[PDB]
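Written below as structure tokens is the structure these notes are about.
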Amino acid sequence: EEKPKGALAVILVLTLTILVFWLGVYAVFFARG
Amino acid sequence: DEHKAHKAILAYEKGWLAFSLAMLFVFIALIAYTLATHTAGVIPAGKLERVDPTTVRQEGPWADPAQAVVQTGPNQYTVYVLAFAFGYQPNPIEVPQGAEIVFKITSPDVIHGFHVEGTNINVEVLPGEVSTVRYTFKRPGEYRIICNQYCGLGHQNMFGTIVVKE
Amino acid sequence: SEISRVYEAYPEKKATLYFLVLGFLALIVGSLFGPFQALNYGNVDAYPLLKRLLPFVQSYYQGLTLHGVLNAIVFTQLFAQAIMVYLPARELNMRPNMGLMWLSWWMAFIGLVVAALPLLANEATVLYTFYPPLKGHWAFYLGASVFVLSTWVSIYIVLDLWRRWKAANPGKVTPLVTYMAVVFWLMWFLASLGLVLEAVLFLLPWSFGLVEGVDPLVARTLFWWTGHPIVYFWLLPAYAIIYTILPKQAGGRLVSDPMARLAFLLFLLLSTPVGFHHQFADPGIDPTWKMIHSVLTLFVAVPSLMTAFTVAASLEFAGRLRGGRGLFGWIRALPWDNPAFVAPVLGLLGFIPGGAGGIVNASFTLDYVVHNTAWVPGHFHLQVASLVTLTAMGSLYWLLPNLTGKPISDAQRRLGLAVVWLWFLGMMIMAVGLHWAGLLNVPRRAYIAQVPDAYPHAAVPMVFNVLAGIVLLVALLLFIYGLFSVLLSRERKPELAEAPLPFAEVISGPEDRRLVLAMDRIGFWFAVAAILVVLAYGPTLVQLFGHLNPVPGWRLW
Ligand code: HAS
Ligand code: HEM
Ligand code: CUA
Ligand SMILES: [Cu+]
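So the protein lines, in turn, are chains C, B and A. Basically PDB author numbering = 1-based index in the first sequence + 1. Basically PDB author numbering = 1-based index in the second sequence + 2. Basically PDB author numbering = 1-based index in the third sequence + 5.
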């Protein structure tokens, strides 16, 4: 019918990980640099 | 439904295409950011730099590991290393706290790796080549050289040391 | 002249059944060490024992060499050749030339076994990358140059079926799965040179007795030419299944023809010019070639990224349809009780973290922090090991009945699920333990369990690893009493055999014409495809060939 929350909650979570993950590392790349 | 969904679908899949692309550059941004500050260094040797793993041990600066530490400017230090079957030359690598180091590392056999517990020194050591990274240490103490590259059977017994003196 | 009247007037199932099963066996054998390798990182020395079970096992590494070569080269390869072949026909209910198809088959099998034997003897423990200068048997490189060439065949069996359908259905658009096959097998050709060159030019003289050394550097820039895509090669056979079929397992419809030709368009375009993220840590390679293949790669996330929406949406709608209600409602709505379905979808959730590893992995300097720790094997175990494989496995439970006419009984329909979930956890439990340990500076490909004094903070992912061990063991076996027991029993009632492969439909679209034509521009983009490689392995491949530096090969195992 209308707005697909599902897919979105998803591409979000995804988004959220790729963030938890990429900053997460950056930070470390740094602590080591 | 069955075509009502489609107009929307497509356009959401724009939201994404766009949003994705942004994040992405924001990354390309930051990655690039690191290219401009010091921590860029641990990036290998652009440029080629050939030797051969037969003669290497016998002569060159990799012959005599007395001469591995080697002062090259009021703070720079080329440190010849020989990664090789199931140790590194020398053990340990005496080096100064808070000064620039400039590792020069090759093999006399198969490819090993050279990864320094606590850093971004981390680099493949190829027989026939001189890999060149620059790090600058910062804290006194010890740092294990793991070799994260299947040198063969003494593999998981291929560690080393670098002390960073006070 | 057959008790089952198949291979007489509709037998391209004869071959796909085969490509398949062997693929599978491959997979069973090589994963046999999996859970050992897992305790090794668990920190349990399961080798003495595994040495007993298999007398023939020389080195930890020899396991990991089978384990890796069997499952990620062999098994993933037979799957494509099986899917990207038996599907494209069927869409078009036309028969693939069958001389070639078995040439194709046999080629691999020769190749496999021509290969395999160096290996169980322990005469080629150089690991699935076979990094020269470490020097494996000649029959190992030979066995795999065959084997592989043998998809070079299947590039055309399918391009035959394009050629043929397209001409006698003319000014008509290749329906998805043969427009899909074609870009795949196509893009896979460009790729396929990388290795192929390294083998003809280097690996094959060197080993046979013919030169005495290979320069290590172009060994693995040539190596990794291909060596990247080949993951994308492993995975796309499953992105087909998922894109075009799953939604009807789901009991709903692909939301979008274009977006699936589009994901695939990005593939053949962006898949092969990237083998310097694998080489972020190599010497003698100009920093800005790496910085590029940073961005190229990144651009290649775009597809699976934007698959994750198509796919998620499609399963969204299907949930709504069969009952789905809330923000997550639409989920219990889905088939949970059907393996055909369950497997790939788990494979997908898994897939989310693994995507995010992939990226880091590709953000150049960031890789300095993980390149060659437990990180990586986390990553791909998550990717190729959970996804492709769960996707492959799942597609047992409709592609057997179809292929065999033998029908899945509630017996193993119920056990399939026990297998699937009981394996999916493994991955996870393990994945966390690799990433973990990995961040912890634990090298990969390393009998760490033999220096058990050594990674003392590894402490705990190490439990996680160990446990995965026990769990995936349980998981693996189970799947033998499956794969075997769901084939063993004679009981075949091939009313089902007759094969309406569960294809899905489209939310038949608007721009689905002036546009989905542009993507059917096959040959054109296949030239921007070759155009790109050409600049990618541009003044770096040419380069190093000015200054090759062959070196003696060593065998230190
Ligand atoms: C089949 C296989 C693979 C695919 C998948 C894969 C994807 C990527 N990888 Fe990788 N990889 C690397 C970077 C990437 C990147 C950027 C991607 C991209 O494809 C990632 C894009 C993918 C995503 C962004 C995932 C999005 C999720 C989606 C699209 C699904 C959503 C799920 C849904 C919707 C289910 C929802 C349903 C419900 C019901 C709720 C790098 C570095 O650049 C290395 C070497 C690093 C080093 O230092 O050695 C590397 C190493 C590997 C090697 C190991 C190296 C070796 O053996 O020596 C193999 C095993 C491998 C396989 C595969 N890899 N990768
Ligand atoms: C049976 C369950 C499995 C377990 C417990 C398992 C575990 C592991 C572990 C612990 C490693 C690390 C070896 C090391 O880093 O020294 C590894 C390697 C690897 N696995 Fe498995 N794995 C399994 C199944 C699979 C499957 C199905 C595939 C194919 C998609 C796969 C592909 C690979 C590859 C390509 C490597 C690395 C090859 C190499 O590093 O030479 N694994 N596995
Ligand atoms: Cu040197 Cu492993
Ligand atoms: Cu890759």
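We put the beta carbon where it would ideally sit given N, CA and C, even for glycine.
Anticipated Cβ contact below 8 Å, residue i with residue j, distance rounded
i, j, result
"A/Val456", "B/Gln158", "6 Å"
"A/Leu339", "A/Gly360", "Not really, about 21 Å apart at Cβ, beyond 8 Å."
"A/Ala196", "A/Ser276", "7 Å"
"B/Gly154", "B/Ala87", "7 Å"
"A/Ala224", "A/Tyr244", "Not really, about 31 Å apart at Cβ, beyond 8 Å."
"A/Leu69", "A/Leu132", "7 Å"
"B/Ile147", "B/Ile164", "6 Å"
"residue 3 of chain A", "A/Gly257", "Because chain A spans 6 through 562 in this model, residue 3 of chain A falls outside it and cannot be assessed."
"A/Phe314", "B/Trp18", "5 Å"
"A/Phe238", "A/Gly199", "About 12 Å separates the two Cβ atoms, so there is no contact after all."
"A/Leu273", "B/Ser22", "A/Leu273 to B/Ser22, Cβ: 20 Å. No contact."
"A/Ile8", "C/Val14", "So it is not a contact: roughly 52 Å between Cβ atoms."
"A/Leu387", "A/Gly362", "7 Å"
Burial state of residue i, where buried means 16 or more other Cβ atoms lie within 10 Å
i, result
"A/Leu522", "exposed"
"A/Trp341", "exposed"
"A/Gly280", "buried"
"A/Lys177", "exposed"
"A/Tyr486", "exposed"
"B/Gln60", "exposed"
"B/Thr56", "exposed"
"A/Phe285", "buried"
"A/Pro175", "exposed"
"A/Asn98", "exposed"
"A/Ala14", "exposed"
"residue 237 of chain B", "Given a span of 3 to 168 for chain B in the structure shown, any question on residue 237 of chain B remains unanswerable."
"B/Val135", "buried"
"A/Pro60", "exposed"
"A/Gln42", "buried"
"A/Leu147", "buried"
"A/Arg337", "exposed"
"A/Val424", "buried"
Delimiting residues of the alpha helix (DSSP H) encompassing residue i
i, result
"B/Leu84", "From DSSP, B/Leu84 is part of no alpha helix (DSSP H) but of the beta strand (DSSP E) over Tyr79 to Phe86."
"A/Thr545", "Note, A/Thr545: premise wrong, no alpha helix (DSSP H); not H, not E."
"A/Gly360", "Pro344 to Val365"
"residue 566 of chain A", "No statement about residue 566 of chain A is possible, as the shown extent of chain A runs from 6 to 562 and does not include it."
"A/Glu17", "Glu17 to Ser36"
"A/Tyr65", "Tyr65 to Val74"
"B/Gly143", "Here B/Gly143 belongs to no alpha helix (DSSP H); instead the beta strand (DSSP E) covers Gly143 to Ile148."
"B/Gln69", "First-last for B/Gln69: undefined, no H or E at that position."
"A/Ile453", "A/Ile453 -> no alpha helix (DSSP H), and no H or E assigned at all."
Proximity test, residue i beta-carbon vs ligand 2 heavy atom, cut-off 7 Å
i, result
"A/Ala463", "no"
"A/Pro382", "yes"
"A/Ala473", "yes"
"A/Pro242", "no"
Ligand 3 heavy atom lying under 7 Å from the CB of residue i
i, result
"B/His117", "no"
"B/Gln151", "yes"
Boundaries (first-last residue) of the beta strand (DSSP E) holding residue i
i, result
"B/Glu102", "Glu102 to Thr108"
"B/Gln158", "It is not in any beta strand (DSSP E) - B/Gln158 carries neither H nor E in the DSSP assignment."
"B/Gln91", "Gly89 to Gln91"
"B/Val97", "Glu96 to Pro98"
Ligand 4 heavy atom lying under 7 Å from the CB of residue i
i, result
"A/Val236", "yes"
"A/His283", "yes"
"A/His386", "no"
Distance cut-off 7 Å: residue i Cβ against heavy atoms of ligand 1
i, result
"residue 566 of chain A", "The shown model of chain A, from 6 to 562, leaves out residue 566 of chain A, and the question about it has no answer."
"A/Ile357", "yes"
### Query
For the stretch 16-36 of chain B, which residues have a beta carbon sitting closer than 7 Å to at least one beta carbon of chain A?
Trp18, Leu19, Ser22, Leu26, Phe29, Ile30, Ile33 and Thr36
### Message
Along the stretch 334-350 of chain A, where does the CB come closer than 8 Å to a CB of chain C? Name the residues.
### Response
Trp335 and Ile336
### Query
Which residues, in chain order, does the stretch 47-65 of chain B contribute to contact with chain A at a C-beta distance below 9 Å?
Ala47, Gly48, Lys49, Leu50, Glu51, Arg52, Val53, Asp54, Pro55 and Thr56
### the stretch 13-27 of chain C: positions lying closer than 9 Å to chain A by Cβ
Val14, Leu15, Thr18, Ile19, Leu20, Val21, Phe22, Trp23, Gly25, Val26 and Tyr27
### Query
For the stretch 105-138 of chain B, which residues have a beta carbon sitting closer than 7 Å to at least one beta carbon of chain C?
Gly120, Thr121 and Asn122
### Message
Any C-beta of chain B within less than 9 Å: which residues of the stretch 36-54 of chain A qualify?
### Response
none
### Task
Would you list, in chain order, the members of the stretch 299-322 of chain A that have their beta-carbon closer than 7 Å to a beta-carbon of chain C?
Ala313, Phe314, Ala317, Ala318 and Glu321
### Task
Note down, in chain order, all residues in the stretch 360-384 of chain A with a beta-carbon under 8 Å from any beta-carbon belonging to chain C.
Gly360, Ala361, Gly362, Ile364, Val365, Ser368, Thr370, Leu371, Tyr373, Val374 and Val375
### Task
Could you name the residues of the stretch 438-461 of chain A whose beta carbon sits closer than 8 Å to any beta carbon of chain C, in the order they occur along the chain?
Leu444
### Query
Between the stretch 485-511 of chain A and chain C, which residues of the former have CB atoms less than 7 Å from a CB of the latter, in chain order?
none
### Message
Against chain B, which members of the stretch 92-125 of chain A pass a CB distance test of less than 9 Å?
### Response
none
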